[PDB]
Visitor: 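Here you go, one structure.
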Amino acid sequence: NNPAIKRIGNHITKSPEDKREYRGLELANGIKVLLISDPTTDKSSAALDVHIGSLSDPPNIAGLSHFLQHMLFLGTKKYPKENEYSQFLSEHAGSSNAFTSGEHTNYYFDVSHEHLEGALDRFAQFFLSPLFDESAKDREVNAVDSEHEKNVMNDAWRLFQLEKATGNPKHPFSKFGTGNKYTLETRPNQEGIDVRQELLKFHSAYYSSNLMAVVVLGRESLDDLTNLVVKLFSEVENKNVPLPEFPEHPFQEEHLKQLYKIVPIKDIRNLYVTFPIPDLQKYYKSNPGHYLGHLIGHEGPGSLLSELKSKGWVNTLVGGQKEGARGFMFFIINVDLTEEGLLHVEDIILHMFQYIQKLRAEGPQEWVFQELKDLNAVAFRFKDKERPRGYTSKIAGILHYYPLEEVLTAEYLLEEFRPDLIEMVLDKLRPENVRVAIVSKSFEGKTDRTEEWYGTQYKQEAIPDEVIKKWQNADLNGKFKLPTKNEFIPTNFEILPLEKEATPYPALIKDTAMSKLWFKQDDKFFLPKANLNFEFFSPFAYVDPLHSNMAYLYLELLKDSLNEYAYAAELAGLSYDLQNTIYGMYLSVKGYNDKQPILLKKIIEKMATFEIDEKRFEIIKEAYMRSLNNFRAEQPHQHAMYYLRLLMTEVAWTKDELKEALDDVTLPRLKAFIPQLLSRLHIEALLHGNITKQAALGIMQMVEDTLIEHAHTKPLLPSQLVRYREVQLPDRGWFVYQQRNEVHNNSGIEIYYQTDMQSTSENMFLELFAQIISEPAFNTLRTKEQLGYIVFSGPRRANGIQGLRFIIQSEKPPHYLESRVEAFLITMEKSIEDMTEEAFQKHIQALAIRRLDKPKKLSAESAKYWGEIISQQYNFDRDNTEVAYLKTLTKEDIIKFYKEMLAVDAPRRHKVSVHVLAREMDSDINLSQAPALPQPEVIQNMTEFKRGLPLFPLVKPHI
Amino acid sequence: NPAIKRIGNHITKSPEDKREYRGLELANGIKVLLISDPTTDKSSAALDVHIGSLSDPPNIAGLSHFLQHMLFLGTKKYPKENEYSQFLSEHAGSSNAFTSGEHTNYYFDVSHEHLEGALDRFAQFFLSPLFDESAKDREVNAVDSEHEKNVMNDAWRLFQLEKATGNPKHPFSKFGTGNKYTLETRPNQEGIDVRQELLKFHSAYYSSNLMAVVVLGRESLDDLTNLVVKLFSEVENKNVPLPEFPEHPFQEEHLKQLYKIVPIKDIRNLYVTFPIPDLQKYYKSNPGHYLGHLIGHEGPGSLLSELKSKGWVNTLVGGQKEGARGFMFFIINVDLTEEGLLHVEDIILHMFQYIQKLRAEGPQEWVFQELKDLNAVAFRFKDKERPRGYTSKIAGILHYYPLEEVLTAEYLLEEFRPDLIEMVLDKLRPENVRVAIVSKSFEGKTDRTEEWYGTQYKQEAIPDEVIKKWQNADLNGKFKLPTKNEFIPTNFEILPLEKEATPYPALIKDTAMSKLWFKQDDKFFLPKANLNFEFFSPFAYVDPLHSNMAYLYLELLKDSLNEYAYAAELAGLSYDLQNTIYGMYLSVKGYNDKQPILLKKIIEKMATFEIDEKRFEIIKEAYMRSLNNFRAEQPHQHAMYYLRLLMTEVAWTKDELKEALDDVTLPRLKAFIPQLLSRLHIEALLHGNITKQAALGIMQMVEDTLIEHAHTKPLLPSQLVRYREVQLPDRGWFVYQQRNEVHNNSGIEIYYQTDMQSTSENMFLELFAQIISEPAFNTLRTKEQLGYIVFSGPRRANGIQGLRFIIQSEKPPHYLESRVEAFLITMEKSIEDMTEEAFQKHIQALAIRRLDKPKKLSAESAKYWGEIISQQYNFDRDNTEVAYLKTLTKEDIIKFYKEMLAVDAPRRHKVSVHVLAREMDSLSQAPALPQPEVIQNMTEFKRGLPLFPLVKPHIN
Ligand SMILES: COC(=O)NC[C@@H](Cc1cnc2ccccc2c1)c1ccc(OCCCCCc2ccc(NC(=O)[C@H](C3CCCCC3)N3CCC[C@H](N)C3=O)cc2)cc1
Ligand SMILES: COC(=O)NC[C@@H](Cc1cnc2ccccc2c1)c1ccc(OCCCCCc2ccc(NC(=O)[C@H](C3CCCCC3)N3CCC[C@H](N)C3=O)cc2)cc1
Ligand SMILES: [Zn+2]
Ligand SMILES: [Zn+2]
């Protein structure tokens with residue numbers, strides 16, 4: 001009926017549990033579209049994906065597709081204002097982003113459901129009439145340069161690019177996609193290159209509709225969205241641009257049978273094994289790479305990892321298919337290395353080849369495939385509802401590779417068993433086709449080459465033919481066996497009827513000296529899943545640095561020992577997490593409820609009757625020592641946040657204290673620790689999901705009985721159940737703690753204005769001021785003043801106390817940052833004074849909607865409940881109570897609050913700043929007038945600082 | 001001049017004693033000792049009448065005690081009753097008195113400038129006392145108060161019960177305290193005028209010939225002679241023959257008798273007594289001291305060692321017990337285990353076996369010689385005594401020894417008399433034994449009740465078969481005589497005062513492992529040193545279990561080291577070792593000579609200690625009963641104990657500790673000790689006859705002994721955390737209520753928390769406490785008659801302070817609250833009205849008290865140790881704080897009360913603890929009080945309030 005529509009796709013295959021409605025169609029200009037109708041959604045979204053990226057970049061400008069990614073969303077003929085799209089989405093509780101890959105430039109946003117047409121109209125105009133405003137040319141270069149400079153000191157980005165540089169330089173795969181100040185400014189200036197004209201050349205030659213895909217999600221019907229997208233996207237130019245393909249592999253003979261020795265930033269030992277393979281995409285209905293990745297990357301009994309671990313060579317492994325570009329892919333086998341693993345690289349690889357050879361001897365297995373196909377079927381069926389912004393962005397890219405009807409089922413379903421394709425792929429995984437890379441600090445001052453884009457230090461060798469022959473002739477290994485029938489595969493998906501005694505919030509169904517049990521039966525999602533949360537309290541887990549180290553190692557060793565068993569459950573959508581806390585231990589079991597008690601039983605049984613293997617203990621003790629030293633390689637803002645937590649909490653063991661006390665951790669001392677730690681405990685739990693009241697009680701009893709029987713567990717005294725207090729800062733006080741980051745040449749800062757103890761009134765005073773200043777903070781400090789890559793503002797909540805926080809990572813000294821934040825606070829006071837009641841009520845309403853936002857998955861609901869339980873505040877109806885009080889708030893109340901608590905001259909001001917210096921550092925112009933800042937009290941000793949100040953009380957519970 | 005009957009020869013003193021002495025007998029028969037000490041801060045005098053309670057008329061019990069109370073209540077020269085106490089209060093003085101069975105000792109101290117003034121008031125009570133009728137009823141309520149206090153005390157209960165089981169016609173059977181019944185109720189019923197009987201007794205017994213006067217002053221011996229003659233030569237001589245009681249109060253019918261007594265506390269004791277002749281005459285030889293030393297010995301081969309080894313007894317006390325002139329006793333008292341209580345006959349057999357070993361081996365001259373040598377050293381290097389107690393003690397012993405031997409008397413032994421040792425030993429036989437067993441296992445199984453205390457007991461005759469068994473006691477090979485004591489000091493060298501010596505302790509070491517404070521003694525010059533150590537460990541108080549483990553570890557350590565340590569303790573080298581809320585405390589005191597040997601053994605034992613399973617179980621049981629036994633402590637103590645739990649950050653209760661005790665196993669304790677000693681911090685004070693280098697060597701030795709045997713590493717500074725005081729809110733009032741199940745008396749503690757300690761805050765509080773001190777006693781105790789215990793003063797804990805009131809009364813706690821509140825108003829008025837002259841008198845009185853210089857090393861060390869344990873280190877505090885006190889005004893104090901303590905103060909921080917009586921249900925105008933916040937749960941109360949900072953240390 002409509003000439004603007006080429007074809008309306010048939011039924012879009014979806015999960016029976018999916019209530020969202022789908023319509024697929026192709027427009028006359030060649031745009032592939034998917035319309036998502038969700039009358040339930042709080043946020044409406046859209047995405048456009050151009051099948052052009054950084055592999056198409058011109059030789060003259062490296063990072064041009066990525067620079068276009070920035071320059072395209074700056075002004076349009078309909079909306080000449082550069083920041084229109086950004087402002088509209090900010091004004092209507094939205095957000096936007098984009099990314100550039102080698103073959104795609106994806107653009108996306110979300111907005112309040114009532115404003116889809118307005119946001120989409122602004123979005124569509126960039127694909128119709130862009131202007132590329134010459135005024136933002138230099139700031140975008142700096143935004144792209146800031147992105148790369150952040151990546152430069154990242155080990156993964158370094159490796160990613162070093163791999164690209166060690167392939168065929170004549171191949172597009174070797175291109176540097178990010179760009180920088182050099183590639184976008186310095187170099188084009190020297191060569192008399194017109195950056196804007198080269199950008200427009202690129203835009204006009206590649207950005208065509210035939211290579212585009214659109215996804216629109218909203219409350220509006222399928223037909224209303226069909227009209228909206230036709231109106232907005234049938235006018236987009238169709239220059240019939242051919243799809244860029246790369247059939248030739250960037251890895252030719254001279255790039256095979258090669259060995260690379262790389263120097264990292266962090267003290268990490270890793271082995272990377274790669275095989276170039278053809279492009280397997282077209283075989284998505286059988287997916288041979290997934291079959292082989294499942295087996296090679298298996299962690300159960302008889303796996304390659306198991307043997308490599310037993311040999312004491314590796315702890316972790318990753319195996320499978322890795323995307324390349326249209327025409328090529330890679331097969332990887334990635335492992336970490338123990339000190340002995342680094343010495344037995346050749347041996348490890350021999351074992352890798354022995355496992356690959358076992359699969360050849362055994363041949364493909366239909367039963368392994370049946371499990372994989374059946375599991376993905378259950379996965380797709382009971383899958384959680386997606387965040388619309390990520391959902392659209394994802395589908396936009398997927399539309400290019402699959403028929404309209406298969407874009408939901410694409411990466412989930414398996415149909416045909418193709419053992420011939422498995423045999424085809426497995427045949428490329430051979431020693432004459434291997435590329436080997438070792439990453440070790442031991443290569444420092446022993447390297448001859450440099451990757452210039454990042455500065456990575458490496459050496460390259462050709463692998464001796466005698467090493468290749470040993471891998472080819474590799475003898476059989478009986479330790480390697482194919483996995484067994486996965487008994488963890490779920491079968492019972494019955495949604496237990498909603499009980500007569502069912503409550504809207506978690507109810508305390510057990511209250512004893514040993515345990516406090518909070519339970520809720522899911523009354524919203526109705527998926528066969530549940531979340532089991534346990535917090536085990538012991539004063540012996542943080543009494544001193546030694547015991548803290550021992551509580552860490554205990555649980556690392558426990559997860560390691562349970563790994564081979566737990567893996568099968570993980571594959572069957574049942575996962576667990578076990579971490580030590582500053583009060584004891586945390587256990588979470590998520591996923592399908594069916595086989596959930598079995599894994600829980602095993603976890604607690606292992607906990608209570610743990611037999612430590614000396615070899616594992618020594619390997620894990622070494623890796624934890626490295627992990628301690630590796631904190632220095634973390635970013636300055638991350639360090640700043642770590643120092644404030646130390647400073648502000650009553651008891652807190654530093655990384656320096658923990659590593660000093662690690663040497664004293666012996667195997668008998670640890671063997672003595674476990675019964676002592678488990679001798680006396682309090683357990684506080686939350687069991688939420690597809691469970692009944694009597695089932696939750698039986699779970700808790702099983703947990704109790706296992707600890708009582710095997711560990712001889714007894715409860716703790718209520719006087720022993722004590723939490724740490726926050727430091728109480730003095731009125732009109734300002735303290736500064738300074739430290740240096742030795743890895744990065746940027747500064748870090750956290751500015752904390754401590755207000756008072758949390759309450760309905762105090763929370764909403766702070767949250768309203770935070771709501772008001774939120775967007776301006778980013779546009780001022782980040783966009784206008786260009787302070788740093790990281791600019792953050794919001795409430796800080798710790799130990800029942802709260803306040804206002806500012807986190808910034810800049811190239812400018814922390815003391816300059818101090819004066820800028822202070823000027824901004826004055827501007828915000830002016831803004832609140834000057835703003836209208838209409839603009840003020842919009843803030844109260846924006847915050848109110850965010851706080852009343854319904855959780856969209858069970859885990860999101862449980863996380864809200866868990867927060868109230870771990871804070872011991874138990875205010876499950878918080879949002880309603882606090883939103884009712886917020887609506888009564890006046891402009892003058894926030895002005896008074898600022899005047900008394902936050903202002904430079906406020907009578908009750910409590911400012912504490914943490915300054916993290918850059919690697920090389922030492923300690924008008926139409927900008928806001930910064931006030932006069934007093935002399936800070938410089939903190940020299942964390943203990944003396946705490947000893948000289950009072951500590952706050954602890955917040956009283958609701959229940 | 002002729003008023004002196006004779007002047008004694010040289011008064012034998014120590015060459016180390018710089019004080020001058022003069023003895024003389026007055027014409028009226030008064031024996032006198034004069035002490036000339038120009039350096040003395042306080043001067044003192046004491047008069048002792050050799051007549052006591054054993055002289056009371058049978059129809060008026062406690063009359064001698066009553067005369068003591070009525071004597072110092074006005075005279076002809078000084079008619080007002082308040083005169084004497086008032087005079088001493090105005091001139092930095094004090095006074096007290098005690099009545100025993102044979103003596104009435106009256107004594108005082110005053111400023112060294114006001115000796116003549118004070119002694120003149122004192123002297124009149126021995127010339128023309130008035131005995132004011134106004135105080136008759138108040139003094140009876142005072143004597144009745146003292147007896148009612150002792151009524152629930154197990155030691156006073158036994159003391160009287162023993163006296164109720166002998167010859168009733170013997171003066172020893174007398175109740176010497178008296179009460180409202182014996183001094184008021186019964187005499188009125190019998191038509192006895194107590195006043196005339198009081199005057200009768202005083203006339204008959206208060207004779208100068210039975211009196212001894214001791215005077216200590218800055219004044220010369222010649223000037224002291226003139227003063228004591230001027231005042232005491234007029235005391236009338238009634239020529240009273242000194243009473244004697246040579247019959248033994250236990251005649252044949254009272255021998256071979258078994259007594260079964262019910263206690264208040266869950267205690268188990270065995271008392272074995274032998275009536276003996278009055279050995280006082282043999283004081284130069286002293287055979288009772290000899291046998292006491294051997295029978296009571298705690299070293300290898302001793303009676304105790306075997307009784308411990310068998311698992312029957314933990315402790316033993318042996319030797320002569322004083323009776324009166326004419327009779328004495330020889331005792332062997334032990335405590336019992338659950339098993340000792342079932343093996344009493346076996347314990348006494350073992351006692352008799354040991355006695356027989358002393359017979360078979362005969363007397364040892366070297367044993368006597370060692371005692372002689374030890375008393376010579378102990379007399380020579382005797383610490384300087386506070387004048388008040390020094391005069392009091394001499395006034396008593398003046399009666400017993402010649403003038404010249406009054407100081408050496410209780411010390412020096414001369415001739416070895418094996419004949420006497422055989423004579424005394426011949427009395428230690430089963431035919432002459434008396435046995436008493438104290439145990440709750442007798443509750444409901446007794447027939448008699450002691451009338452004065454209500455003590456429940458049974459009397460039995462020891463069977464002839466049991467006596468015969470004990471008589472036939474074999475020789476036991478387990479008993480061996482003690483060996484030569486290798487702890488006897490020989491090196492008495494006083495090291496020269498170093499060029500770099502300091503007046504206060506100096507920080508001579510500040511490492512991660514230890515903080516060492518040192519001071520060479522520049523005051524006393526006796527061959528002694530005090531070695532104090534604080535060991536910090538987060539594992540000594542992490543939970544109630546570790547706390548019990550810390551207690552038991554040191555108790556077992558002290559137990560195991562006892563046989564070795566006793567020899568040192570006899571040789572004047574004692575030690576203390578106890579668990580703290582932060583770790584452990586060790587103190588080594590006495591003669592420096594053998595001091596590092598003992599300290600090396602204690603530190604070695606700490607680390608290489610091996611636990612005996614039998615002792616562990618025994619000590620564990622002893623500690624479980626000790627926790628329970630707290631229920632029998634006074635209600636005011638209970639009230640003090642609860643406020644320490646309420647106001648401290650972390651504090652494990654007696655209930656939590658006793659609940660944790662069953663989890664203390666032997667493998668658990670063995671795992672704990674290596675763990676506790678693994679990481680330590682030591683804070684020490686080494687004060688005495690030592691050099692800087694000697695101190696450093698001592699600290700290094702302690703550190704190295706721990707490093708070697710325990711692999712000790714230092715803690716992190718971040719781990720050296722001290723508990724905080726709960727910060728009370730402004731205008732707040734919290735009440736905590738409990739009950740005392742044992743006592744029918746109420747206990748209370750009222751705390752007005754002020755602020756953190758600082759020069760200004762300390763002196764505000766201390767000056768306010770000075771002003772209200774006597775009035776609090778006079779109003780609430782004397783006038784209102786609230787109770788025996790009425791206390792007011794500053795409270796100091798965790799760098800914080802405030803005002804406190806402690807009252808033990810039979811009246812309910814809420815009443816005391818309003819009466820204390822009424823008193824606060826009364827003082828608010830009293831301060832506004834008092835003169836500048838009256839105000840300055842309070843400043844001077846506090847200044848004098850605060851500047852009162854220590855008389856011995858121990859007292860100086862204690863002052864320094866207090867500065868160390870608080871982590872304030874303000875050694876020059878007393879000078880600084882007094883200088884500031886002298887700048888304070890009546891206005892400054894008025895401001896402080898109105899802001900912090902007044903019923904309507906803006907910053908009033910009140911917390912009260914109420915401990916009700918056993919039976920209890922759950923005048924100036926008192927102000928209106930708000931409704932208090934009742935503390936249900938101690939932890940929730942603590943969680944709901946903030947915590948104070950910790951006081952900043954005073955740096956050099
Ligand atoms: C993309 O960036 C790079 O190219 N980086 C370069 C190399 C490092 C390198 C290499 N060679 C060089 C040669 C010369 C010079 C320098 C060199 C540098 C690199 C770095 C990191 C890196 O990260 C890994 C993720 C890569 C994503 C693909 C993938 C996903 C999942 C799985 N597999 C799994 O998650 C599997 C499942 C697969 C599907 C079936 C079920 C199993 N499973 C699950 C969890 C763990 C388990 N053991 C396992 O196995 C495999 C691939 C990849 C490559
Ligand atoms: C004062 O109160 C009473 O009398 N109460 C009565 C009885 C309990 C009783 C008894 N029998 C009864 C019969 C029938 C009915 C009721 C009865 C009740 C009692 C209670 C407590 C009591 O307390 C004990 C002290 C009593 C002082 C005499 C003394 C001092 C020191 C030493 N001996 C030592 O200090 C010796 C040294 C002596 C000198 C040379 C060196 C050794 N040494 C040192 C310390 C420890 C060591 N094991 C030791 O041995 C001996 C006696 C005394 C008596
Ligand atoms: Zn970018
Ligand atoms: Zn009295």
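Sequence lines set the chain letters: A, B, ... in the order given, protein chains first and strands last, and positions in each chain run from 1. Order of listing sets the numbers, starting from 1, for every ligand and every atom in it.
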Visitor: Using a distance threshold of 4.0 Å (strictly less than), state whether atom 35 (O) of ligand 2 has a protein heavy-atom neighbour.
Guide: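 Under the 4.0 Å cut-off, atom 35 (O) of ligand 2 has no protein heavy-atom neighbours at all.
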
Visitor: Taking 4.0 angstrom as the limit and counting only heavy atoms of B:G296, give me the atoms of ligand 2 inside it, by number and element.
Guide: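 Answer, ordered by atom number: 47 (C), 48 (N), 49 (C), 50 (O).
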
Visitor: Is there a donor-acceptor contact under 3.5 Å linking the side chains of B:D447 and B:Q459?
Guide: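 No - no donor-acceptor pair under 3.5 Å links their side chains.
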
Visitor: Any nitrogen or oxygen of B:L161, main chain or side chain, under 3.5 Å from a nitrogen or oxygen of ligand 2?
Guide: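 There is no such contact.
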
Visitor: Using a 3.5 Å cut-off on N or O atoms only, is B:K321 in polar contact with ligand 2?
Guide: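 Yes; at least one N/O pair falls below 3.5 Å.
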
Visitor: Check B:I331 against ligand 2 and report side chain, backbone, both or neither, counting heavy atoms closer than 4.0 Å.
Guide: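 Contact part for B:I331 vs ligand 2: side chain (C-beta onward).
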
Visitor: Which of the numbered atoms in ligand 2 are below 4.0 angstrom from a heavy atom of B:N333?
Guide: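 Going through ligand 2 atom by atom, the ones under 4.0 Å from B:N333 are 21 (C), 22 (C), 24 (C), 53 (C), 54 (C).
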
Visitor: Considering the heavy atoms of B:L316, write down every atom of ligand 2 situated less than 4.0 Å from one of them.
Guide: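 Numbered from 1, ligand 2 contributes 46 (C), 47 (C), 48 (N), 50 (O).
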
Visitor: Go through ligand 2 atom by atom and flag the ones less than 4.0 Å from a non-hydrogen atom of B:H289.
Guide: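 Heavy-atom distances to B:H289 below 4.0 Å select 39 (C), 40 (C).
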
Visitor: Number the atoms of ligand 2 from 1 as they appear, then name those within less than 4.0 Å of a heavy atom of B:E298, with their elements.
Guide: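 This gives 46 (C), 47 (C), 48 (N) as the contact atoms.
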
Visitor: Are the side chains of B:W312 and B:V344 in touch, meaning some heavy atoms are under 4.5 Å apart?
Guide: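 Heavy-atom side-chain distance check fails, nothing below 4.5 Å.
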
Visitor: Does the residue B:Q320 have a heavy-atom contact with ligand 2, meaning some pair of atoms that are separated by less than 4.0 Å?
Guide: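 The answer is yes: ligand 2 sits under 4.0 Å from a heavy atom of B:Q320.
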
Visitor: To the nearest 0.1 Å, how far is atom 3 (C) of ligand 2 from its closest protein heavy atom, and which atom is that?
Guide: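 Here the nearest protein heavy atom works out to B:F159 CD1, 3.7 Å.
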
Visitor: Out of curiosity, is B:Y566 lining ligand 2, as in a heavy atom under 4.0 Å away?
Guide: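 Contact check B:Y566 vs ligand 2: positive.
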
Visitor: Less than 4.5 Å apart, side chain to side chain, heavy atoms only: is that true for B:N167 and B:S173?
Guide: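 Side chain of B:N167 against side chain of B:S173, heavy atoms only: no contact under 4.5 Å found.
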
Visitor: Consider every N or O of B:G318 and every N or O of ligand 2, then say whether any pair is closer than 3.5 Å.
Guide: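 Yes, B:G318 has an N/O under 3.5 Å of an N/O on ligand 2.
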
Visitor: Sequence neighbours excluded, which residues qualify as side chain to side chain contact (heavy atoms under 4.5 Å, CB included) partners of B:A135?
Guide: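 So B:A135 forms a side chain to side chain contact (heavy atoms under 4.5 Å, CB included) with B:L73, B:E81, B:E139.
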
Visitor: Can you list the ligand 2 atoms lying under 4.0 Å from a non-hydrogen atom of B:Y259?
Guide: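 What qualifies from ligand 2 is 13 (C), 14 (C), 15 (C).
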
Visitor: Going through the distances and angles, do A:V50 and A:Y107 end up as a side chain to side chain contact (heavy atoms under 4.5 Å, CB included)?
Guide: CA-CA 9 Å; A:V50 206; A:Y107 301 98; 4.0 Å; yes

Visitor: Atom 25 (C) of ligand 2: protein heavy atom closer than 4.0 Å?
Guide: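 No; the ligand atom in question lacks any protein heavy-atom contact below 4.0 Å.
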
Visitor: Does A:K137 come within less than 4.0 Å of A:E185, counting only side-chain N to carboxylate O?
Guide: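 No, no charged N to carboxylate O under 4.0 Å.
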
Visitor: Around atom CD of B:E322, are there more than 12 heavy atoms of other residues, nucleotides or ligands at under 6.0 Å?
Guide: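 Atom CD in B:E322 is not packed in, count stays at 12 or less.
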
Visitor: B:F368 vs B:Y290, test: ring-ring contact (aromatic ring centres under 6.0 Å, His included). Steps then yes/no.
Guide: CA-CA 7 Å; B:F368 178 78; B:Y290 176 89; 7.5 Å; no

Visitor: For B:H170 and B:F245, take the angle between the two ring planes, folded into 0 to 90°, and tell me which bin it lands in: parallel under 30, tilted 30 to 60, perpendicular over 60.
Guide: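 The rings of B:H170 and B:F245 sit tilted, inter-plane angle from 30° to 60°.
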
Visitor: For atom 41 (C) of ligand 2, which protein heavy atom lies nearest, and how many Å away is it?
Guide: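 Looking at atom 41 (C) of ligand 2, the protein heavy atom closest to it is B:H293 CA, 3.7 Å.
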
Visitor: Starting from atom 6 (C) of ligand 2, locate the nearest protein heavy atom and write down its residue, its atom name and how far away it is, to 0.1 Å.
Guide: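 Closest protein heavy atom to atom 6 (C) of ligand 2: B:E162 OE1, 3.3 Å.
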
Visitor: Could you list the atoms of ligand 2 found under 4.0 angstrom from a heavy atom of B:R434?
Guide: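 Taking each heavy atom of B:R434 in turn, ligand 2 has 13 (C), 14 (C) under 4.0 Å.
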
Visitor: How about NZ on B:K265, more than 12 heavy atoms from neighbouring residues, nucleotides or ligands closer than 6.0 Å, or not?
Guide: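 Yes, because the 6.0 Å sphere around NZ of B:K265 holds more than 12 heavy atoms from other groups.
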
Visitor: Report yes or no: does B:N141 contribute a side-chain atom to a donor-acceptor pair with the main-chain N or O of B:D137 at less than 3.5 Å?
Guide: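 Present.
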
Visitor: My question is simple, although I want it checked carefully: is atom 52 (C) of ligand 2 less than 4.0 angstrom from any protein heavy atom?
Guide: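 Flag for atom 52 (C) of ligand 2 set to true, protein heavy atom closer than 4.0 Å.
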
Visitor: Which residue supplies the protein heavy atom nearest to atom 12 (C) of ligand 2, what is that atom called, and how far is it?
Guide: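 Nearest neighbour among protein heavy atoms for atom 12 (C) of ligand 2, to 0.1 Å: B:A436 CB, 3.6 Å.
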
Visitor: For A:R782, what residues pass the side chain to side chain contact (heavy atoms under 4.5 Å, CB included) criterion, not counting sequence neighbours?
Guide: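 A:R782: side chain to side chain contact (heavy atoms under 4.5 Å, CB included) contacts with A:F778, A:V791.
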
Visitor: Tell me which protein heavy atom sits closest to atom 19 (C) of ligand 2, plus the residue, atom name and distance to 0.1 Å.
Guide: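 Going atom by atom, the protein heavy atom closest to atom 19 (C) of ligand 2 ends up being B:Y271 CD2, 4.1 Å.
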
Visitor: Would you say the rings of B:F329 and B:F172 are close, in the sense that their centroids are separated by under 6.0 Å?
Guide: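 Ring centroids of B:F172 and B:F329 are less than 6.0 Å from each other.
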
Visitor: For the Zn ion (ligand 4), which protein N/O/S atoms fall under 2.8 Å? Skip waters.
Guide: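 Result, waters dropped: B:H65 NE2, B:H69 NE2, B:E146 OE1.
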
Visitor: Kindly write out the residues that satisfy side chain to side chain contact (heavy atoms under 4.5 Å, CB included) with B:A565, not counting sequence neighbours, or none if the list is empty.
Guide: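 Per chain and number, B:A565 pairs via side chain to side chain contact (heavy atoms under 4.5 Å, CB included) with B:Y575.
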
Visitor: For the residue pair A:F176 and A:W453, does the interplanar ring angle fall in the parallel (under 30°), tilted (30 to 60°) or perpendicular (over 60°) class?
Guide: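 Aromatic pair A:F176/A:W453 classed parallel.
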
Visitor: For B:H202 and B:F131, take the angle between the two ring planes, folded into 0 to 90°, and tell me which bin it lands in: parallel under 30, tilted 30 to 60, perpendicular over 60.
Guide: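 Geometry flag for B:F131 against B:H202: perpendicular rings.
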
Visitor: If the cut-off is 4.0 Å to any non-hydrogen atom of B:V317, which atoms of ligand 2 fall inside it?
Guide: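 What qualifies from ligand 2 is 32 (C), 33 (N), 50 (O), 51 (C).
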
Visitor: Would you indicate whether the side-chain heavy atoms of B:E460 and B:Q257 approach each other to under 4.5 Å?
Guide: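 Counting from C-beta outward, B:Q257 and B:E460 never come under 4.5 Å.
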
